[PDB]
Amino acid sequence: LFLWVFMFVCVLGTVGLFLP
Amino acid sequence: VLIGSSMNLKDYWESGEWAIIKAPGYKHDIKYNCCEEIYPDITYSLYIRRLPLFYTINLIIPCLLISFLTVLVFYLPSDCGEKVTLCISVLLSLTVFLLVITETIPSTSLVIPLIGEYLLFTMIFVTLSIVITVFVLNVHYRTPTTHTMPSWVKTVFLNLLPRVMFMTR
Amino acid sequence: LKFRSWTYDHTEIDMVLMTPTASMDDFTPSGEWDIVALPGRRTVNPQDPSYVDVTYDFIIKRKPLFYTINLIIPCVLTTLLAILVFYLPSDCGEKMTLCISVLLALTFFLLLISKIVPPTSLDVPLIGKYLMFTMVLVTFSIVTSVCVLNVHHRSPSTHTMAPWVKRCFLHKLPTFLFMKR
Amino acid sequence: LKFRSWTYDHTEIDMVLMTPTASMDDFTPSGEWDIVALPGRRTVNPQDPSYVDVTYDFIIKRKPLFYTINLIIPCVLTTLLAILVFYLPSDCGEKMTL
Amino acid sequence: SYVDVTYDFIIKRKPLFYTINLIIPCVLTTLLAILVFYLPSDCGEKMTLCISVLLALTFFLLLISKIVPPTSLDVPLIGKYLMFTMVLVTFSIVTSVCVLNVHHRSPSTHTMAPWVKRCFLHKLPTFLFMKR
Ligand SMILES: *[C@@H]1O[C@H](CO)[C@@H](O[C@@H]2O[C@H](CO)[C@@H](O[C@@H]3O[C@H](CO[C@H]4O[C@H](CO)[C@@H](O)[C@H](O)[C@@H]4O)[C@@H](O)[C@H](O[C@H]4O[C@H](CO)[C@@H](O)[C@H](O)[C@@H]4O)[C@@H]3O)[C@H](O)[C@H]2NC(C)=O)[C@H](O)[C@H]1NC(C)=O
Ligand code: NA
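Chains as they are written, first to last, in PDB author numbering: chain A, 440 to 459; chain B, 159 to 327; chain C, 148 to 328; chain D, 148 to 245; chain E, 197 to 328.
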């Protein structure tokens, strides 16, 4: 459960930071 | 007008680190884009070589000696608990040597050194080695009370491959 | 670059920029940086006499392959190694070593990237912010790994399994996460 | 900053402060510090002649973000793991490591 | 048209600083280099001691490569000595892994060959004073 949660949070973090 | 044809190395105090092979001098008559007239100049060209014994005994032999340890993990049994510590240690030691080699060289982005390319190569493959060894540690500690063993793994990873690798149970 | 004189002023000398762009004639290429344009302008303030100025702007691109091949690849490497301590089983005893080592490597690259950067507080670079995010994520990974390693070593003689973990973590969630015993 | 003249003294020259503050008409902001006040004052000692002085005080405030991103987040980060070694079991031998 | 006058300061060094601060931890870790083989293989601590001794030797090698001048004309005895001991520790690591692998062999995976039956049980234990 925490594997999937932290994977999803890390993907959204990389997208939200390197959007430009 | 040049007097000789080379730089004088008659009063040359020896260096001990760089050895001069040859140092010629050449006269040119060039024309700049500021000004409508010709200006002369004299160009000397030192051609030196590094004597490679201080760095091959303190930066290359330990680097090669720890880069020959990234493949030695896979002969160590999973019943022991030391498959990771070795990988983490060689990864951090290659990171420290990468710090040393980016301390020594300039930051010219024209070409890359062969030693830094070799360090990057070995770091990539040791990271792939830890992502393989976490998978084989997850495969090892696995019981029939928590997981069911499939059917295609009974033929491929247990009968087809040990006949090739010369294991034969 | 701001060229002006300290003795005389606008009431005694002019200062006429001849060409609009600085010339690029005897330029040797630097190898690390790239000059892309070199404009130049002449700044005078109306309703403020005795002011002359000729400024040249240098806009400089970087050849980025050095810092890429030496810092971006280990950055994404040690970030990719951070969602990886959860696939390792807790029956072995090598989880906390991996977690502490990933956090150690992230703090090492953060203190390294804080050296090549200038010490200004206009804005942090994206590498430092990215490593700060991943470092906070690895710290939450450490505390949830210790919490998930405590429930692995619970014996029946010292603990009693409550009915709510029976109804939650055995029936609904092993079907929600495709486990199925 | 203590301005004084080595050659002359108060029996030869006075030293009068013109404006009470220092002028910020050519200042470029450094991006690392913030000046907030630059007062100046004239200092003279009664019962001790031949002493002029003009002292400028620079009262500065630091941009707090660069040391927060580098020496506060790992400081408040590795402190949280100190009381975390007691919830770990003593069966998996990883308490001494942490 | 060539004369000069040269003085030749020949100086001996007081060695008591670098003897205590560098020679003693060097010979200490060198004394620890031959020590990982008496540890039993059942406890999972063979690799930690080997890697720790190797990393301490690389630390002292990179420390001694800083106070020395960077001349390739000759290398000191300490650098050659630490390189020799580092090669010895790396061979200790590879033979420690290869002797740790033969500790965890079971009958459900491997099968004991007759030559390792007759060699490592009769000749060498009576040769190395083991006596079962
Ligand atoms: C390290 O880096 C430096 C600079 O990058 C290199 O220096 C260059 O070396 C080359 C090779 O020697 C030089 O080229 C030579 O220039 C001489 C001077 O030129 C004058 O004379 C000619 C002929 O009249 C005029 O046209 C010119 O305007 C000058 O007035 C020439 O005399 C040389 O010619 C001789 O060699 C050629 C073959 O190469 C023969 O065919 C000719 O007949 C003649 O015998 C030659 O052309 C060059 O000038 C150097 N650069 C500078 C700036 O001086 C180093 O070579 C390099 N190190 C190494 C090891 O490569
Ligand atoms: Na361990």
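No residue lacks a Cβ here, since even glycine has one placed at the ideal position from N, Cα and C.
- Among the residues of chain B, none has a CB under 9 Å from the CB of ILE289 of chain C; the nearest is roughly 15 Å distant.
- A Cβ-Cβ contact shorter than 8 Å links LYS210 of chain D with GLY178 of chain D.
- Taking 8 Å as the upper bound for CB-CB distance, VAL249 of chain C and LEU269 of chain C are not in contact here, some 30 Å apart.
- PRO236 of chain C is a Cβ neighbour of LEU295 of chain B, given a cutoff of 8 Å.
- A Cβ closer than 6 Å to some heavy atom of ligand 2 marks a residue here, and those residues are B:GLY239, B:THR243, C:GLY240, C:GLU241, C:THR244.
- These are the residues, in chain order, with a beta carbon less than 7 Å from any non-hydrogen atom of ligand 1: B:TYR184, B:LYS185, B:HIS186, B:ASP187, B:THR201, B:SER203, B:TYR205.
- Pairing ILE188 of chain B with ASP199 of chain B gives a Cβ-Cβ distance under 8 Å.
- Under the three-state reduction of DSSP, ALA177 of chain B is assigned to strand.
- By the 16-neighbour rule on beta-carbons within 10 angstroms, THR254 of chain E is buried.
- For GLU261 of chain B and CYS222 of chain C, the gap between their C-alpha atoms comes out near 18 Å.
- Take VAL258 of chain B, set aside five residues on each side of it, and the residues of its chain with a beta-carbon closer than 8 Å to its own are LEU217, in chain order.
- Residues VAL294, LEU295, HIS298 of the same chain have their beta carbon placed closer than 7 Å to that of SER236 of chain B, with the five preceding and five following residues left out of the count.
- Flagged as an interface residue toward chain B: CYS239 of chain C, by a C-beta distance shorter than 8 Å.
- Note on geometry: alpha-carbon atoms of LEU324 of chain E and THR281 of chain E lie some 25 Å from one another.
- Spatial neighbours of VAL199 of chain D in its own chain (CB-CB distance under 6 Å, excluding positions within 5 residues in sequence) are listed in chain order as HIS157, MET162.
- In this structure, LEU164 of chain D lies near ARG189 of chain D, with their beta-carbon atoms less than 8 Å apart.
- DSSP, reduced to helix, strand and coil, places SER164 of chain B within a strand of the structure shown.
- Short of 8 Å from the beta carbon of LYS327 of chain C, and not among the five residues preceding or following it, lie these beta carbons of its own chain, in chain order: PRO321.
- DSSP, read as helix, strand or coil, puts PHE279 of chain B in helix.
- Note on the stretch 287-314 of chain C: whole alpha helix (DSSP H) runs with a minimum of 4 residues are 310-314, in chain order.
- Residue burial annotation: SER225 of chain B is buried, with at least 16 other C-beta atoms found within 10 angstroms of its C-beta.
- CA-to-CA, the gap between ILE247 of chain C and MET446 of chain A works out to about 19 Å.
- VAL242 of chain B sits close to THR244 of chain C, with the two beta carbons spaced by under 8 Å.
- Boundaries of the alpha helix (DSSP H) around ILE246 of chain B: 241-262.
- In chain order, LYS241, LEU244, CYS245, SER287, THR291 place their CB closer than 7 Å to the CB of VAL231 of chain B, counting only its own chain and leaving out the 5 sequence neighbours on each side.
- A direct Cα-to-Cα measurement between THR286 of chain E and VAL264 of chain C gives close to 38 Å.
- Annotation: the stretch 185-272 of chain C contains the following complete segments of the alpha helix (DSSP H) (minimum length 4 residues), in chain order: 220-227, 242-263.
- Judged by DSSP secondary structure, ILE215 of chain B falls outside any beta strand (DSSP E); it is assigned neither H nor E.
- For the stretch 199-229 of chain C, the set of positions with a beta-carbon nearer than 7 Å to some beta-carbon of chain A is empty.
- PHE205 of chain E counts as exposed, since fewer than 16 other beta carbons sit within 10 angstroms of its beta carbon.
- Sorting D:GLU241, D:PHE150, D:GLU159 by C-alpha distance to the C-alpha of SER197 of chain D places D:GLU159 at the top.
- C-alpha of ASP238 of chain C to C-alpha of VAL298 of chain C: approximately 12 Å in a straight line.
- Just measuring C-alpha positions, the residue of C:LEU284, C:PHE256, C:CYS294, C:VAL201 sitting nearest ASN192 of chain C is C:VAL201.
- For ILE196 of chain B, the three-state secondary structure derived from DSSP is strand.
- The bridge partners DSSP lists for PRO182 of chain B are B:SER164.
- Annotation: the continuous alpha helix (DSSP H) that includes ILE219 of chain B extends over 219-225.
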